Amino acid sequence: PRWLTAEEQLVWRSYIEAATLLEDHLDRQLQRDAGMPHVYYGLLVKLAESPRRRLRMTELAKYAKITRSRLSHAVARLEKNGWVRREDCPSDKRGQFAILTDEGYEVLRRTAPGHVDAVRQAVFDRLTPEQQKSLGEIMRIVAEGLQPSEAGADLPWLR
């Protein structure tokens, strides 16, 4: 039997709040200004960044840190509104590509500045360089920790 010290509780509690408030603030900013939730927007960003604006489903899920299932549903929804389309992998008749359409790229161009502001104002404008450095070192460890290479691990995109 362990437990958390009161000091640790304060750290953890303030993490939980912050995260829950950020996701809320950003989801809302994106739902009004761009018509989609934060996770979806992130998918478009990752494709926009990819070679030929495309990425195979599992690779997309891996970057997003979500499950293939969630990704499929999300891309059905994004395909419906025309921001994304799908193609077959030619060498492997099993794979599928998610490709960002022109119109999808135009929604990023239209909305990103808004979304960037919101992410600035909530976070980066409030932290000294030292803490920005410190935040990234910290989250990278937490992330690294939760996606080890070790064999039979429970990674979302391998679910």
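Position 1 is the first residue in the sequence shown; the rest follow in order.
Q: Mean C-alpha B-factor higher for 65 to 73, or for 86 to 94?
A: Here the higher of the two C-alpha B-factor means belongs to 86 to 94.
Q: Can you let me know which of the two, 19 to 27 or 6 to 14, has the higher average C-alpha B-factor in the entry?
A: The stretch with the larger mean CA B-factor is 6 to 14.
Q: Report the third (lowest, middle or highest) to which the CA temperature factor of residue 51 belongs, ranking only the modelled residues of the same chain.
A: It falls in the middle third of the chain.
Q: Going by the CA temperature factor in the PDB record, which third of the chain does residue 121 belong to: lowest, middle or highest?
A: For residue 121, the deposited C-alpha B-factor lands in the middle third.
Q: Residue 32: which third of its chain by C-alpha temperature factor?
A: Tercile = highest for this residue's CA B-factor.
Q: If you rank the chain by CA B-factor, which third does residue 129 end up in: lowest, middle or highest?
A: For residue 129, the deposited C-alpha B-factor lands in the highest third.
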